[PDB]
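The structure appears right after this line, and notes come after that.
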Amino acid sequence: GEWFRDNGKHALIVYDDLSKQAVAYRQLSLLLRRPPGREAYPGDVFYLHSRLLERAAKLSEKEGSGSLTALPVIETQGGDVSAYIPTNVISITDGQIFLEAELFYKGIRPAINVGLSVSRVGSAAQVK
Amino acid sequence: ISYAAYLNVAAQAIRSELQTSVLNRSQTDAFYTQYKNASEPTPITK
Amino acid sequence: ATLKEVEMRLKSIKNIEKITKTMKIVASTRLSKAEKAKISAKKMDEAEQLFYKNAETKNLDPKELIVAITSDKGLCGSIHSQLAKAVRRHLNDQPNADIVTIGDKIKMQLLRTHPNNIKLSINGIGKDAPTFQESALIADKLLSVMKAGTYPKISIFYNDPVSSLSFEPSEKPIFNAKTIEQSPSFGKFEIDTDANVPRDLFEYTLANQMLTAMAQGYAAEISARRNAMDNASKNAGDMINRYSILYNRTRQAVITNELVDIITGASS
(Lines give C-alpha, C1' and ligand atoms only; values in the text may rest on other atoms or scores of the structure.)
Protein backbone atom coordinates (compact mmCIF):
# COMPACT_ATOMS: atom_id res chain seq x y z
CA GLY A 1 0.00 0.00 0.00
CA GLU A 2 3.03 2.26 0.34
CA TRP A 3 3.68 2.23 -3.41
CA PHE A 4 0.39 4.09 -3.76
CA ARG A 5 1.38 6.52 -1.02
CA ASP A 6 4.78 7.06 -2.64
CA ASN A 7 3.15 7.77 -6.00
CA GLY A 8 0.42 10.34 -5.38
CA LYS A 9 -2.28 7.68 -5.07
CA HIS A 10 -4.51 6.77 -2.13
CA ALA A 11 -4.47 3.34 -0.49
CA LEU A 12 -6.48 2.06 2.47
CA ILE A 13 -5.09 -0.96 4.32
CA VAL A 14 -7.02 -3.16 6.75
CA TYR A 15 -5.13 -5.30 9.26
CA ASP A 16 -7.31 -8.26 10.24
CA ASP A 17 -6.66 -9.74 12.54
CA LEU A 18 -3.86 -7.90 14.37
CA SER A 19 -4.34 -9.69 17.70
CA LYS A 20 -3.28 -12.82 15.83
CA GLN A 21 -0.12 -11.15 14.51
CA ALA A 22 1.13 -10.53 18.04
CA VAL A 23 0.19 -14.12 18.90
CA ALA A 24 2.49 -15.28 16.12
CA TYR A 25 5.33 -12.96 17.14
CA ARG A 26 5.08 -14.33 20.67
CA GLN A 27 5.67 -17.78 19.22
CA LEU A 28 8.85 -16.68 17.43
CA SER A 29 10.35 -15.00 20.49
CA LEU A 30 9.49 -17.76 22.98
CA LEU A 31 11.02 -20.42 20.73
CA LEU A 32 14.10 -18.29 20.03
CA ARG A 33 14.31 -18.11 23.82
CA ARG A 34 13.97 -14.35 24.24
CA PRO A 35 12.81 -13.38 27.76
CA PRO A 36 9.00 -12.97 28.10
CA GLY A 37 7.22 -9.81 29.24
CA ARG A 38 3.59 -9.33 30.22
CA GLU A 39 1.20 -12.15 29.33
CA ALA A 40 4.20 -14.04 27.92
CA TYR A 41 4.30 -11.52 25.07
CA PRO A 42 7.81 -10.38 24.03
CA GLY A 43 9.24 -7.20 25.56
CA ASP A 44 9.02 -5.18 22.35
CA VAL A 45 5.40 -6.00 21.50
CA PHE A 46 4.47 -2.31 21.61
CA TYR A 47 7.18 -1.54 19.06
CA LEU A 48 5.66 -4.30 16.92
CA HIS A 49 2.56 -2.23 16.16
CA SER A 50 4.13 1.22 16.53
CA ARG A 51 6.50 0.94 13.57
CA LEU A 52 3.72 -0.80 11.64
CA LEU A 53 0.91 1.74 12.00
CA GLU A 54 3.09 4.87 11.83
CA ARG A 55 3.89 3.90 8.24
CA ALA A 56 0.29 4.82 7.44
CA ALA A 57 0.15 8.59 6.92
CA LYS A 58 -0.65 11.50 4.59
CA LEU A 59 2.44 12.71 2.73
CA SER A 60 3.18 16.39 2.08
CA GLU A 61 2.53 18.35 -1.11
CA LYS A 62 6.23 18.33 -1.98
CA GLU A 63 6.16 14.53 -1.88
CA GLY A 64 2.94 14.10 -3.85
CA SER A 65 0.19 14.30 -1.23
CA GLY A 66 -0.10 10.51 -1.37
CA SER A 67 -1.74 8.94 1.67
CA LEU A 68 -2.11 5.59 3.43
CA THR A 69 -5.14 4.92 5.63
CA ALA A 70 -4.87 2.18 8.25
CA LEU A 71 -7.83 0.38 9.82
CA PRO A 72 -6.24 -1.95 12.41
CA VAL A 73 -8.49 -4.64 13.89
CA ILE A 74 -8.01 -5.99 17.40
CA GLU A 75 -9.95 -8.69 19.25
CA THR A 76 -10.84 -8.39 22.94
CA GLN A 77 -11.83 -11.12 25.39
CA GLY A 78 -14.90 -10.50 27.54
CA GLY A 79 -15.13 -6.88 26.43
CA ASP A 80 -11.88 -6.15 28.23
CA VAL A 81 -10.23 -3.16 26.57
CA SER A 82 -8.10 -2.93 29.71
CA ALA A 83 -6.09 -5.88 28.41
CA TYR A 84 -2.42 -5.59 27.43
CA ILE A 85 -2.44 -5.76 23.62
CA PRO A 86 -5.71 -3.80 23.24
CA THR A 87 -4.27 -0.91 25.27
CA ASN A 88 -1.10 -0.86 23.16
CA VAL A 89 -2.84 -0.51 19.79
CA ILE A 90 -5.29 1.98 21.32
CA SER A 91 -2.51 4.37 22.32
CA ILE A 92 -1.23 4.12 18.74
CA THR A 93 -4.26 4.76 16.54
CA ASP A 94 -5.77 8.25 16.23
CA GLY A 95 -9.21 6.77 16.80
CA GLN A 96 -11.24 3.78 17.95
CA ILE A 97 -14.54 2.19 16.92
CA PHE A 98 -15.55 -0.03 19.83
CA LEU A 99 -18.14 -2.64 18.88
CA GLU A 100 -20.09 -4.14 21.78
CA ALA A 101 -21.87 -7.51 21.62
CA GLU A 102 -24.77 -6.33 23.78
CA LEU A 103 -25.72 -3.57 21.35
CA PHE A 104 -25.30 -6.01 18.47
CA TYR A 105 -28.08 -8.43 19.38
CA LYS A 106 -30.21 -5.60 20.77
CA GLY A 107 -30.70 -4.26 17.25
CA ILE A 108 -27.96 -1.70 16.67
CA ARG A 109 -25.79 -2.67 13.69
CA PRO A 110 -23.03 -2.01 13.47
CA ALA A 111 -22.88 -2.18 17.27
CA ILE A 112 -20.86 1.02 17.66
CA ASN A 113 -20.66 2.37 21.21
CA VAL A 114 -20.87 6.16 20.92
CA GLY A 115 -19.46 6.56 24.43
CA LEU A 116 -16.19 4.70 23.90
CA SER A 117 -15.63 5.45 20.21
CA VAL A 118 -13.93 8.66 19.07
CA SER A 119 -12.12 10.13 16.06
CA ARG A 120 -9.26 12.42 17.12
CA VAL A 121 -9.07 13.85 13.60
CA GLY A 122 -12.74 14.81 13.83
CA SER A 123 -14.47 17.16 11.40
CA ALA A 124 -11.04 17.97 9.97
CA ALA A 125 -11.49 15.11 7.50
CA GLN A 126 -15.28 15.12 7.09
CA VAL A 127 -17.74 16.40 4.48
CA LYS A 128 -18.67 20.04 5.10
CA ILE B 1 -64.59 28.94 47.14
CA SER B 2 -65.81 25.68 48.68
CA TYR B 3 -67.32 24.58 52.00
CA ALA B 4 -64.22 22.47 52.58
CA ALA B 5 -62.36 25.75 52.19
CA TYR B 6 -64.59 27.59 54.65
CA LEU B 7 -63.38 24.91 57.06
CA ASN B 8 -59.74 24.78 55.94
CA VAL B 9 -59.14 28.40 56.95
CA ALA B 10 -60.31 27.66 60.50
CA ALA B 11 -58.05 24.61 60.69
CA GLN B 12 -55.11 26.88 59.91
CA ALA B 13 -56.05 29.24 62.74
CA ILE B 14 -55.76 26.39 65.24
CA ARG B 15 -52.02 26.33 64.61
CA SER B 16 -51.67 28.78 67.49
CA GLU B 17 -44.64 26.02 70.94
CA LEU B 18 -45.66 22.41 71.59
CA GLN B 19 -47.22 21.56 68.22
CA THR B 20 -45.55 18.30 67.17
CA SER B 21 -47.50 15.41 63.11
CA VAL B 22 -49.23 18.72 63.85
CA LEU B 23 -46.70 20.43 61.59
CA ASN B 24 -47.03 17.75 58.92
CA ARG B 25 -50.70 18.65 58.46
CA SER B 26 -50.08 22.40 58.53
CA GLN B 27 -49.00 22.42 54.88
CA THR B 28 -48.69 20.32 51.72
CA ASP B 29 -47.11 20.40 48.26
CA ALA B 30 -49.74 20.04 45.54
CA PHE B 31 -49.63 20.46 41.76
CA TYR B 32 -52.77 20.00 39.67
CA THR B 33 -52.61 19.68 35.88
CA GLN B 34 -55.55 19.75 33.47
CA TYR B 35 -55.66 17.43 30.45
CA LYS B 36 -56.97 17.31 26.88
CA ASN B 37 -57.43 14.72 24.13
CA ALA B 38 -52.99 12.98 26.44
CA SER B 39 -52.10 16.68 26.22
CA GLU B 40 -52.21 18.87 29.33
CA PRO B 41 -52.40 22.61 30.20
CA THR B 42 -49.81 24.30 32.44
CA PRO B 43 -49.31 22.68 35.90
CA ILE B 44 -50.11 25.16 38.67
CA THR B 45 -49.98 24.73 42.45
CA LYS B 46 -52.96 24.51 44.80
CA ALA C 1 -13.46 -11.00 34.66
CA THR C 2 -11.90 -7.55 35.01
CA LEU C 3 -9.65 -6.86 38.00
CA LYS C 4 -11.89 -3.96 38.97
CA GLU C 5 -15.25 -4.46 37.23
CA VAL C 6 -16.17 -7.21 39.71
CA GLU C 7 -15.24 -4.94 42.63
CA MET C 8 -17.14 -1.83 41.53
CA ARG C 9 -20.05 -4.07 40.53
CA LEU C 10 -19.89 -5.49 44.05
CA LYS C 11 -20.00 -1.92 45.33
CA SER C 12 -23.07 -0.88 43.33
CA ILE C 13 -24.79 -3.87 44.95
CA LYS C 14 -23.27 -3.78 48.43
CA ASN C 15 -24.68 -0.28 48.92
CA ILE C 16 -27.90 -1.24 47.15
CA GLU C 17 -28.21 -3.94 49.79
CA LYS C 18 -28.16 -1.41 52.63
CA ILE C 19 -30.29 1.16 50.81
CA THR C 20 -33.25 -1.18 50.34
CA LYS C 21 -32.84 -2.21 53.96
CA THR C 22 -32.64 1.42 55.09
CA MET C 23 -35.90 2.20 53.29
CA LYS C 24 -37.43 -0.96 54.73
CA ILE C 25 -36.91 0.59 58.16
CA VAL C 26 -38.33 3.90 56.95
CA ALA C 27 -41.41 2.03 55.74
CA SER C 28 -41.53 -0.17 58.85
CA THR C 29 -41.06 2.71 61.29
CA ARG C 30 -43.65 4.72 59.37
CA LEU C 31 -46.15 1.87 59.74
CA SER C 32 -46.92 3.30 63.18
CA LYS C 33 -48.51 6.42 61.67
CA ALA C 34 -50.11 4.21 59.03
CA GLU C 35 -51.85 1.91 61.52
CA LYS C 36 -53.06 4.97 63.43
CA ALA C 37 -54.30 7.31 60.70
CA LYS C 38 -56.02 4.19 59.36
CA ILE C 39 -58.09 3.66 62.51
CA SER C 40 -58.73 7.38 63.02
CA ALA C 41 -60.05 7.76 59.48
CA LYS C 42 -62.20 4.62 59.71
CA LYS C 43 -63.72 5.79 63.00
CA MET C 44 -64.63 9.15 61.47
CA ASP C 45 -65.82 7.17 58.46
CA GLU C 46 -68.42 5.41 60.61
CA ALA C 47 -69.46 8.72 62.14
CA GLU C 48 -69.78 10.20 58.65
CA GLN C 49 -71.57 7.28 57.00
CA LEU C 50 -74.12 6.62 59.76
CA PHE C 51 -76.23 9.50 58.46
CA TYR C 52 -75.92 8.10 54.95
CA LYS C 53 -77.08 4.77 56.36
CA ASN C 54 -80.07 5.83 58.47
CA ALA C 55 -81.11 8.11 55.60
CA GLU C 56 -80.84 5.25 53.11
CA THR C 57 -79.02 7.29 50.47
CA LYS C 58 -78.39 5.63 47.10
CA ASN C 59 -77.59 6.60 43.51
CA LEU C 60 -80.46 7.86 41.35
CA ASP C 61 -81.75 5.90 38.36
CA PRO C 62 -74.11 9.04 31.11
CA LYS C 63 -71.54 10.89 33.12
CA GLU C 64 -69.67 9.46 36.10
CA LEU C 65 -66.60 10.85 37.86
CA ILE C 66 -63.79 8.42 38.71
CA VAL C 67 -61.09 9.32 41.24
CA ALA C 68 -57.86 7.31 41.33
CA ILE C 69 -56.00 7.25 44.65
CA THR C 70 -52.31 6.36 44.80
CA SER C 71 -48.83 7.89 45.02
CA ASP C 72 -46.03 9.01 42.71
CA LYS C 73 -43.46 6.92 44.56
CA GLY C 74 -42.69 3.44 43.27
CA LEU C 75 -40.97 0.63 45.16
CA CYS C 76 -44.18 -0.42 46.90
CA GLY C 77 -45.28 -3.52 45.01
CA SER C 78 -48.27 -4.24 42.79
CA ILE C 79 -50.28 -1.53 44.57
CA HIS C 80 -50.19 0.65 41.45
CA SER C 81 -50.67 -2.52 39.41
CA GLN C 82 -53.82 -4.13 40.80
CA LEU C 83 -55.63 -0.88 41.58
CA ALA C 84 -55.21 0.45 38.04
CA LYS C 85 -56.72 -2.77 36.70
CA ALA C 86 -59.65 -2.53 39.12
CA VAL C 87 -60.30 0.92 37.65
CA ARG C 88 -59.79 -0.19 34.04
CA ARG C 89 -62.03 -3.21 34.61
CA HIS C 90 -64.73 -1.01 36.15
CA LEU C 91 -64.27 1.46 33.31
CA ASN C 92 -64.95 -1.22 30.70
CA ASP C 93 -68.62 -1.44 31.69
CA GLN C 94 -69.09 2.33 31.47
CA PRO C 95 -66.58 3.80 28.98
CA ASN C 96 -68.56 7.04 29.30
CA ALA C 97 -66.69 8.57 32.24
CA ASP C 98 -64.04 11.09 33.28
CA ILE C 99 -61.08 10.06 35.43
CA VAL C 100 -59.22 12.27 37.90
CA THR C 101 -55.93 10.70 38.97
CA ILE C 102 -54.13 11.39 42.25
CA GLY C 103 -50.49 10.40 41.91
CA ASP C 104 -48.50 9.84 38.73
CA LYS C 105 -47.86 6.10 39.09
CA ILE C 106 -51.61 5.63 38.61
CA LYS C 107 -51.59 8.01 35.65
CA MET C 108 -49.22 5.53 34.01
CA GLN C 109 -51.58 2.62 33.35
CA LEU C 110 -54.49 4.96 32.59
CA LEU C 111 -52.55 6.98 30.01
CA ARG C 112 -51.96 3.66 28.24
CA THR C 113 -55.38 2.01 28.39
CA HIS C 114 -57.62 5.10 28.42
CA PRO C 115 -55.55 8.25 27.72
CA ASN C 116 -58.46 10.57 26.88
CA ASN C 117 -60.53 9.69 29.96
CA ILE C 118 -58.07 11.49 32.23
CA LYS C 119 -59.34 15.07 32.52
CA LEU C 120 -57.35 15.98 35.63
CA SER C 121 -54.31 14.72 37.54
CA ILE C 122 -52.74 15.58 40.90
CA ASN C 123 -48.94 15.65 41.15
CA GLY C 124 -46.49 15.01 43.99
CA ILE C 125 -48.68 13.98 46.93
CA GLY C 126 -47.96 10.36 47.86
CA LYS C 127 -44.93 10.74 50.12
CA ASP C 128 -46.30 11.62 53.56
CA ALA C 129 -49.49 10.80 55.44
CA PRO C 130 -52.52 12.56 53.90
CA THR C 131 -54.09 15.65 55.48
CA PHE C 132 -57.52 17.28 55.31
CA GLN C 133 -56.15 20.50 53.82
CA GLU C 134 -54.65 18.40 51.04
CA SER C 135 -57.89 16.58 50.23
CA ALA C 136 -60.17 19.57 50.81
CA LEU C 137 -58.17 21.35 48.12
CA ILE C 138 -58.27 18.38 45.75
CA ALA C 139 -62.05 18.38 46.15
CA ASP C 140 -62.13 22.16 45.68
CA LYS C 141 -60.58 21.74 42.23
CA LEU C 142 -62.60 18.59 41.57
CA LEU C 143 -65.64 20.75 42.30
CA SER C 144 -64.45 23.78 40.33
CA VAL C 145 -62.39 22.82 37.27
CA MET C 146 -64.25 19.51 36.93
CA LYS C 147 -67.75 20.46 38.07
CA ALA C 148 -68.41 17.28 40.03
CA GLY C 149 -71.81 18.61 41.05
CA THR C 150 -72.96 18.03 37.48
CA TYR C 151 -72.20 14.31 37.77
CA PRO C 152 -74.91 11.70 38.52
CA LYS C 153 -72.37 9.34 40.09
CA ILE C 154 -69.07 9.69 41.95
CA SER C 155 -66.66 6.81 42.59
CA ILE C 156 -63.44 6.83 44.61
CA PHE C 157 -60.91 4.05 44.00
CA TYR C 158 -58.40 3.32 46.77
CA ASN C 159 -56.46 0.57 48.54
CA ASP C 160 -57.84 -1.08 51.68
CA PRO C 161 -55.40 -2.84 54.06
CA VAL C 162 -57.28 -6.06 54.83
CA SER C 163 -54.17 -7.74 56.23
CA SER C 164 -50.74 -6.47 57.27
CA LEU C 165 -49.18 -8.53 54.47
CA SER C 166 -51.79 -7.98 51.75
CA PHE C 167 -53.85 -5.08 50.40
CA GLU C 168 -57.22 -4.90 48.64
CA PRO C 169 -58.49 -2.67 45.80
CA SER C 170 -61.84 -1.16 46.81
CA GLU C 171 -64.47 1.42 45.82
CA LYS C 172 -66.72 3.89 47.62
CA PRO C 173 -69.56 6.10 46.31
CA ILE C 174 -70.03 9.86 46.76
CA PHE C 175 -73.55 11.27 46.39
CA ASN C 176 -74.25 14.76 45.02
CA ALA C 177 -76.54 17.46 46.43
CA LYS C 178 -79.56 16.22 44.49
CA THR C 179 -79.06 12.57 45.48
CA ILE C 180 -78.93 13.49 49.17
CA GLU C 181 -82.20 15.40 49.61
CA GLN C 182 -84.03 12.95 47.35
CA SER C 183 -83.10 10.10 49.70
CA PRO C 184 -85.96 7.80 50.79
CA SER C 185 -85.35 8.21 54.52
CA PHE C 186 -84.06 11.79 54.30
CA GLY C 187 -87.05 13.41 55.99
CA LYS C 188 -86.28 11.22 58.99
CA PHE C 189 -83.85 13.95 60.03
CA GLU C 190 -85.09 17.45 60.83
CA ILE C 191 -83.43 19.94 58.49
CA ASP C 192 -84.21 23.60 57.76
CA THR C 193 -85.17 23.82 54.09
CA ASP C 194 -83.20 27.00 53.39
CA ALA C 195 -79.66 26.73 54.78
CA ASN C 196 -78.54 24.63 51.79
CA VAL C 197 -77.63 21.71 54.06
CA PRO C 198 -77.67 18.99 51.37
CA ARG C 199 -75.36 21.16 49.25
CA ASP C 200 -72.90 21.77 52.08
CA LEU C 201 -73.10 18.10 53.05
CA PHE C 202 -71.83 16.93 49.66
CA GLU C 203 -68.97 19.43 49.41
CA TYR C 204 -67.90 18.31 52.88
CA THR C 205 -68.28 14.56 52.38
CA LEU C 206 -66.32 14.99 49.15
CA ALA C 207 -63.17 16.01 51.02
CA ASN C 208 -63.47 13.62 53.97
CA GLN C 209 -64.19 10.48 51.95
CA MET C 210 -61.08 11.32 49.94
CA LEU C 211 -58.89 11.63 53.03
CA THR C 212 -60.43 8.44 54.41
CA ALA C 213 -59.58 6.79 51.09
CA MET C 214 -56.10 8.32 51.10
CA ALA C 215 -55.43 7.41 54.73
CA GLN C 216 -56.09 3.73 54.07
CA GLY C 217 -54.54 4.08 50.62
CA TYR C 218 -51.17 5.38 51.80
CA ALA C 219 -51.34 3.02 54.77
CA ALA C 220 -51.76 -0.09 52.64
CA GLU C 221 -48.82 1.29 50.64
CA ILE C 222 -46.37 1.72 53.52
CA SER C 223 -47.41 -1.75 54.67
CA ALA C 224 -46.62 -2.94 51.14
CA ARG C 225 -43.33 -1.06 50.81
CA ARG C 226 -41.88 -2.76 53.88
CA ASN C 227 -42.85 -6.09 52.32
CA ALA C 228 -41.49 -5.02 48.93
CA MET C 229 -38.09 -4.10 50.38
CA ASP C 230 -37.76 -6.95 52.88
CA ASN C 231 -37.68 -9.23 49.87
CA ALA C 232 -35.27 -6.74 48.31
CA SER C 233 -32.65 -6.73 51.07
CA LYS C 234 -32.85 -10.53 51.06
CA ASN C 235 -32.49 -10.51 47.28
CA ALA C 236 -29.57 -8.12 47.68
CA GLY C 237 -28.06 -10.83 49.86
CA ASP C 238 -27.94 -13.37 47.03
CA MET C 239 -25.79 -10.76 45.30
CA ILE C 240 -23.45 -9.19 47.84
CA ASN C 241 -22.36 -12.70 48.81
CA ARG C 242 -22.73 -14.35 45.40
CA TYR C 243 -20.49 -11.86 43.60
CA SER C 244 -18.39 -11.67 46.76
CA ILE C 245 -17.17 -15.21 46.09
CA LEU C 246 -16.66 -14.23 42.45
CA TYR C 247 -14.45 -11.33 43.54
CA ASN C 248 -12.15 -13.69 45.44
CA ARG C 249 -12.19 -16.26 42.63
CA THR C 250 -10.78 -13.35 40.62
CA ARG C 251 -8.40 -12.01 43.27
CA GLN C 252 -6.65 -15.34 43.79
CA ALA C 253 -6.42 -15.77 40.02
CA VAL C 254 -4.99 -12.26 39.67
CA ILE C 255 -2.17 -12.81 42.17
CA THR C 256 -1.26 -16.18 40.63
CA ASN C 257 -1.32 -15.05 36.99
CA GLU C 258 0.52 -11.87 37.98
CA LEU C 259 3.16 -14.10 39.56
CA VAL C 260 3.43 -16.64 36.73
CA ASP C 261 4.76 -14.05 34.27
CA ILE C 262 7.49 -13.21 36.78
CA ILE C 263 8.58 -16.81 37.34
CA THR C 264 8.37 -17.61 33.63
CA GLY C 265 10.51 -14.62 32.65
CA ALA C 266 13.01 -15.39 35.40
CA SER C 267 14.11 -18.76 34.01
CA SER C 268 15.68 -17.03 31.00
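I'd like to check which helices (runs of 4 or more DSSP H) are fully inside segment A:32-115 and have at least 2 residues that are in contact with a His (Cβ under 8 Å, 6 or more places away or on another chain). Show your work before the answer.
On the way: elements: A:45-53, A:84-90, A:101-105.
Filter on segment A:32-115 gives A:84-90.
Which of the following residues is more than 9 Å from chain B (Cβ to nearest Cβ), under 18 Å from the mean Cα position of the chain (by Cα) and not acidic (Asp, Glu): C:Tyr151, C:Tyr158? Full working, then the answer.
Values: C:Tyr151 fails: under 18 Å from the mean Cα position of the chain (by Cα).
Checking each option against the conditions leaves just C:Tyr158.
Could you tell me whether C:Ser71 is assigned to a helix (DSSP H, G or I), assigned by CATH to the domain that holds C:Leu211 and of a type in the set (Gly, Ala, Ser)? Walk me through how you get there before you give the answer.
Numbers: assigned to a helix (DSSP H, G or I): no; assigned by CATH to the domain that holds C:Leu211: yes; of a type in the set (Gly, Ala, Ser): yes.
When the stated conditions are applied, C:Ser71 does not pass them.
Can you tell me which condition C:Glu48 does not meet? The list is (1) within 21 Å of the chain's Cα centre (by Cα); (2) within 14 Å of chain B (Cβ to nearest Cβ), and all the others hold.
Status for C:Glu48: all satisfied but (1).
Would you tally the residues in segment C:216-256 being of a type outside the set (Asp, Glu) and more than 19 Å from C:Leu165 (Cβ to Cβ)?
The number of residues fulfilling the criteria is 20.
Given the options C:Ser28, C:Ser81, C:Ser71, name the one that is under 24 Å from C:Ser163 (Cβ atoms), more than 9 Å from chain B (Cβ to nearest Cβ) and surrounded by fewer than 15 Cβ atoms within 10 Å (Cβ to Cβ). Talk me through it step by step, then tell me what you get.
On the way: C:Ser28 fails: surrounded by fewer than 15 Cβ atoms within 10 Å (Cβ to Cβ); C:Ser71 fails: surrounded by fewer than 15 Cβ atoms within 10 Å (Cβ to Cβ).
None of the other options fit; the residue is C:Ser81.
Among the numbered criteria (1) of a type in the set (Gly, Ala, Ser); (2) over 30 Å from C:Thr264 (Cβ atoms); (3) in contact with a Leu (Cβ under 7 Å, 6 or more places away or on another chain), which single criterion is violated by A:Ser117?
Unmet for A:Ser117, out of (1) of a type in the set (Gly, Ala, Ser); (2) over 30 Å from C:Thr264 (Cβ atoms); (3) in contact with a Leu (Cβ under 7 Å, 6 or more places away or on another chain): (3).
Basis: the model, the stated rules and, where named, an outside source; no laboratory read-out is quoted. Every residue, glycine as well, gets a Cβ built from its backbone with ideal geometry; the counts of neighbours run over all protein chains shown.
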